[PDB]
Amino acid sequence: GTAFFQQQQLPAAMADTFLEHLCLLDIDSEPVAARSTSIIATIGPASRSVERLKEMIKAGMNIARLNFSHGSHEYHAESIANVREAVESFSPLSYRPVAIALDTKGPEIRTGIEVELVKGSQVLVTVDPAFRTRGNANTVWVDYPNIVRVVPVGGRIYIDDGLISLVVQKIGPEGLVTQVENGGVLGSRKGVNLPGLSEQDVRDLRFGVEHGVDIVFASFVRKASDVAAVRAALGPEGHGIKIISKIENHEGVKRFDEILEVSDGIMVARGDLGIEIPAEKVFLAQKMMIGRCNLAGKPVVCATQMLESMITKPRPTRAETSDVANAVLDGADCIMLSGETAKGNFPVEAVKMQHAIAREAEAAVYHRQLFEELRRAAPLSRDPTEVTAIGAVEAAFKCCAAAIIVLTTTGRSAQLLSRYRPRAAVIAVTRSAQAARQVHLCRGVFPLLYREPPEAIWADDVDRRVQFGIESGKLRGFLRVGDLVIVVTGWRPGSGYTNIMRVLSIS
């Protein structure tokens, strides 16, 4: 009725230009739709307990990230065990699948085993076994022997989240002769940057296969062959696992297209990326990479220091809420929390804060422009799933459908709806517990795991799943009596046959 069009930034939605849309953004216009941008929370000592995990799932965590940079196999087995128990130990219309993503250690370089490194200073960078625990104000040892044969004269070396810098002078036989460009206090075992896949990563990828992880975040992907190395390490048993390539450096930005082509998705890994390229350029790489993923219809994750101050403070800064909103307006499928959930004092509040901001920012999306641009740049398709998806999203915009309900075996039919960014929630009904977890990578897909064995008559089994979609949607607040819904199905069983879109009112 009349109150409906005041909500979800609908006045700004029907503006005729982007600028007019911005002018019409309204802080009194409340979000209505379910929050659609998935939240990845990193597990660590602040978030390992089963009862804390349950608080985090209630708060809106959709994907748990296991950081293999730190912790033994046994430690990660216990984190996985806890997430499973939290998820299971909540009615099938209420159940929320949580994905498990393993994030590889990758090609880490660490310094040896506090000292002021002074800006005038003459630092030696040695790679000697012998100086491994001899770190002081003038010697940093590293765990990476080829560093001496790889950064020449001039040539800069970063230490500790890029906070300390060194420029090489001579290469004498004791190590690299540097001077401090940027000085500071240095602790032990800090990360080194120098603006394929290791034996540890392979053992970890195999461990993630043994434990059934849903997604791998692959570190430092530079080229297509890096993704193939991961796929090969996962092996035959790991064919179902999604590979999200982490773009962390210059080469991975430049070879982006070839990387996206062979990946399931992308992470903008802003931590390393902001040291490997100038900090002030990261937002260009982020925007470009999100836009190219949106175009390709493949999930993209924005990561790193999004709500960083909430490690120690219960409220985020103005820059942090902005960064989260802007990641969503950029077009990110997923937003991520690292220290904020792994080790901080406010892990649950950090999740609720990304949820609240993401909901606001999704309602602010200018669909009029975004849909037209997605459409007028996607190529023609003779694939019935794609053709149905675009017809289904169009139909939902025409009637302000509360949802599109899609049956899916692998997630693909839901993924192709998601790529057009409907305002309608995509309620994906599947039998596959793994597909249900994995579809959390796609903005606006709300997975529902259907547990019944098949009706004798296939068409009846289809109807029964669509009803389950409807009943879950109601229970969850997605749908009310009188809503229109778009229902997307196929003409026969099995993956790949989606070809039907139907307009239904909810009774």
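Just count from 1 along the sequence shown to find any residue number.
A.B. asks: Which class fits the unmodelled deposited stretch between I113 and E114: none, 1 to 3, 4 to 9, or 10 or more?
C.D. replies: Unmodelled stretch: 4 to 9 residues.
A.B. asks: In the deposited sequence, how many residues between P195 and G196 have no modelled coordinates (none, 1 to 3, 4 to 9, 10 or more)?
C.D. replies: The entry leaves 4 to 9 residues without coordinates here.
A.B. asks: Do the C-alpha atoms of 469 to 477 or of 63 to 71 have the higher average B factor in the entry?
C.D. replies: Comparing 63 to 71 with 469 to 477, the higher average CA B-factor belongs to 469 to 477.
A.B. asks: Look over 80 to 88 and 172 to 180 in the entry and identify the one with the greater average Cα temperature factor.
C.D. replies: For C-alpha atoms only, the mean B-factor is higher in 172 to 180.
A.B. asks: Just the C-alpha B-factor column, please: which of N249, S94, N326, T341 has the biggest number?
C.D. replies: By C-alpha B-factor in the record, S94 ranks first.
A.B. asks: Check the PDB entry and point out which of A319, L186, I243, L407 has the largest C-alpha temperature factor.
C.D. replies: Answer for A319, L186, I243, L407: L186, with the highest C-alpha B-factor.
A.B. asks: Sorting by Cα B-factor within the chain, modelled residues only, which third would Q122 end up in: lowest, middle or highest?
C.D. replies: It falls in the top third of the chain.
A.B. asks: Considering only modelled residues of the same chain, in which third does the CA B-factor of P454 rank: lowest, middle or highest?
C.D. replies: Its C-alpha B-factor belongs to the highest third of this chain's values.
A.B. asks: Based on the entry's values, in what third of the chain does the Cα temperature factor of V488 lie: lowest, middle or highest?
C.D. replies: Lowest third.
A.B. asks: With respect to C-alpha B-factor, does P347 fall in the lowest, middle or highest third of the chain as deposited?
C.D. replies: Lowest third.
A.B. asks: Based on the deposited C-alpha B factors for this chain, I'd like to know if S263 is in the lowest, middle or highest third.
C.D. replies: Answer is middle: the recorded C-alpha B-factor places it there.
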